[PDB]
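Q: Quick one: the structure is below, and I'll ask about it shortly.
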Amino acid sequence: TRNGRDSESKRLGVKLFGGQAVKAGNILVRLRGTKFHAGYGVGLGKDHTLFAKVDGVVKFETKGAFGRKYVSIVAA
Amino acid sequence: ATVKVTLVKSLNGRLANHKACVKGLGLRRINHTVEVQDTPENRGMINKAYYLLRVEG
RNA sequence: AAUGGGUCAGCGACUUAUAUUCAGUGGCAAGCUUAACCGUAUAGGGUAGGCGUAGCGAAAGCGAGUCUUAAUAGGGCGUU
RNA sequence: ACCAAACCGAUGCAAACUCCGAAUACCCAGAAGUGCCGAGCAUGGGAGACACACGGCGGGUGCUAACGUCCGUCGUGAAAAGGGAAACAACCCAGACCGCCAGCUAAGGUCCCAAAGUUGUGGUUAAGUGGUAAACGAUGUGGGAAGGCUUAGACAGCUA
RNA sequence: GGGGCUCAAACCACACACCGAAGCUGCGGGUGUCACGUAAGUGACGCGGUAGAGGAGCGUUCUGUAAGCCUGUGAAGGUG
RNA sequence: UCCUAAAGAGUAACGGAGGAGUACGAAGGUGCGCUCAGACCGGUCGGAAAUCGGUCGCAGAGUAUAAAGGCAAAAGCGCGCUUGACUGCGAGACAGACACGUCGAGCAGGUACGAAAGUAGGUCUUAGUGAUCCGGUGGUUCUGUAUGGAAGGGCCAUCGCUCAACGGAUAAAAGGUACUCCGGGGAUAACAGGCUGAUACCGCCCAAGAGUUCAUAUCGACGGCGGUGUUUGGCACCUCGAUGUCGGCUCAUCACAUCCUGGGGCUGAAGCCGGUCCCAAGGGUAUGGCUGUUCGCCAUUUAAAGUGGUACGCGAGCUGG
RNA sequence: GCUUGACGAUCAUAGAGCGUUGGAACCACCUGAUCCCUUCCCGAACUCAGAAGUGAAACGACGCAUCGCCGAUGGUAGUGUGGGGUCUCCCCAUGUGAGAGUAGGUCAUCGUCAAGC
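So the sequences go chain by chain: X and B. Counted the way full-length UniProt numbering counts, the first sequence spans residues 10 to 85. Counted the way full-length UniProt numbering counts, the second sequence spans residues 2 to 58.
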């Protein structure tokens, strides 16, 4: 019966978009529950943060059954 | 091969993107004529600011 | 149709001291500079001190190296 | 005779619905040219600001009221004069270093006040419409497609 | 906006002219920056502006230069 | 946590919706085991539905908790071990004014587990929180005011109480002022002006209807569309280095949406009177009893006692209830 | 060379639904629990001594296109920029451009490896 009190807006989203060079520790997707999945060299942190585990460029394939949007990094 | 554009309107209330298309094309004030190479990456600045210019060819 | 001034002439508001930082400009230079004070006194003496030449650590300490942990194994700070 | 959730088809609509899904914007890499001689970045010295306004657009709020108010994004005024909008921070054009009794234009204009066409061709409009306005109402007039009755003699007008 | 306008001085099209800004061009004017110039020297791009930053100056009174120089053949001051 | 929020982040409102101030020694790791809900149906105690036995199933279930987003390589239960809800760290990022915050291996201390590749630095994810200063506690190799010690201090680990005005003024915090004072403001209210017109007021459009028949002589439900700025608002644009109230008095001036007088149309207008609608602003348009009144209610008039604007006209004209 | 295995490329043009089959190899059962153990009670789970039996069920490829699923072209809605209007909305220039709908493919297309014919 009283409105107010929005939260503080967590800055989620795809950082470091899908052609960019990476180093092997970079947060690659901030994410609220694996809207994107883990490809070849990426890591899947505890809060479903995708992180590059090797160097290269990030690809963003769609692959497999279930229609998974993948994030894979290819050492190119 | 070579196109020549003239600036016929101002840059005053124009968008910051469009006047950067006119400065980057070589133009400085009204009725100034430059001779521009006809590469398509040069012609795209002529097209983003088509309304400010006159393109004699 | 918001403030102030009737007008003239005088007056009337970023200063000074002491610490400090940065810039410019100089003297000396791995050193530089003195404070009180002394002085037939803006000279000259007086180098107590201050800063510089080495850092790291809370510290003992060790030093071109500590901390930590049973661990000289893994990073931060410094270094011609 | 009352009715009856669900199911089949037809049919709508959501800011907190989405099987879908752009333009743009944003991120990245590589390239020519331009940059006023730099634009970008980094460290230092000095700030000022931390009450903005209105206009276009995209929305909340309000009454899709307010020169209301709260955001986004532009442009302007703030801090910008000159020409136009009669006069008119914020709209349109344009950004004033100084001089000229030189010439071309922009927005806007060209009968007189008032600088320039009483300009040409073709139409429309009789209300001073222009030069303020809604539901709705009328043989006001211009244009255009079509239809039914149409000299075996229609619509309003004569002697069974 | 007013006078006033009715085959328009209104509206709709199209054509051609013209006027109109501190815009643009012509012509004459500093250095603002920068590149060149063994530094005479021209070029090129600029030059609205509040808060504010930067850079350069003028004038007043005093001290040194000054026991100089000017001044009663006329100073400062005042008025042209 | 969603919306607003404009398909990258971000993004305001006393805008619209909900939540949190925790749980968990298993609800974690791992080993191992294992996959929903729905309708369909079988009546001697439940008969919509249980026990669940098995047929079409077509995530619609479940997740400790709000909502969003996620899932089966399960991201729910059973059970063993009984601990990785590890210690030292940490390349590199994300967020970011700062303080904070978020994500993340390999060697060892060393590990549960698996017989092993390997997974494990808590939980499907994002809330479940609190700086510093003072104290408390357990370590310590550090310091230990002549020296040896202690005291006190430092470092490391952890607790408190209470900062929910939740970046926390102090260990410790309620009012009155019509007796008031000062400094400011039209960054901001009251009067008046201005913008707007919900609201009020006045017109108009369709006409169910009543009007004894007959929508339109009068009246009109349901809805519609406008005008006037006429007041209740709304706004905070002017005015706070002052624009001094309501009413009466005195004087007015304009409007026409006309109260009287003048000219007309229609009538459910016989006449006398009226009703209603046009046209018309020339001149007229009370006096008193009550009340501070405007109004109002009353008494008696009049041809008629109109409605509005003018800073709700008028206080450098008056009064001052 | 085909049958069929064995993990995988690609993910409802590959999916579900309606016939014929294969016995030798493979595959599910089957005979039973003695020796491992599986049981919130069980050998249908699953562990297996197995190979007495069996090819329908079980699954497997192999049939058949109603349905799902893809889906043009053209238009339309939206929209960047520039300019208009009678401006709570649309139009013009220009760039771009869906969603839904509109004949119909299909019982998919691939790759390595092996026992057998």
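Ideal Cβ positions, reconstructed from N, Cα and C, are used throughout, including at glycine.
Determine the extent of the beta strand (DSSP E) in which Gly65 of chain X is found, giving its start and end residues.
A: Within the first sequence, residue 65 of chain X is the residue found at index 56, counting from 1. Counting along the chain, the beta strand (DSSP E) containing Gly65 of chain X begins and ends at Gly65 to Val67.
Q: If you count every other CB in all the chains shown that lies within 10 Å of the CB of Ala85 of chain X, and 16 or more means buried, which is it?
A: Within the first sequence, the letter at position 76 stands for residue 85 of chain X. Its Cβ having fewer than 16 others within 10 Å, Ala85 of chain X is exposed.
Q: Using the rule of at least 16 other Cβ atoms within 10 Å of the residue's Cβ for burial, across every protein chain shown, is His33 of chain B buried or exposed?
A: One-based indexing of the second sequence puts residue 33 of chain B at position 32. With fewer than 16 Cβ atoms within 10 Å of its Cβ, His33 of chain B is classed as exposed.
Q: Provide the residue span of the alpha helix (DSSP H) that contains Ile47 of chain B, from first to last.
A: Against the second sequence, residue 47 of chain B aligns to sequence position 46. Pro41 to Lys49 is the extent of the alpha helix (DSSP H) around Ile47 of chain B.
Q: Within the continuous alpha helix (DSSP H) that includes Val23 of chain B, where are the two ends?
A: For the purposes of this step, residue 23 of chain B is taken as the residue at position 22 of the second sequence. Taken as a continuous stretch (DSSP letters only), the alpha helix (DSSP H) holding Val23 of chain B covers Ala17 to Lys24.
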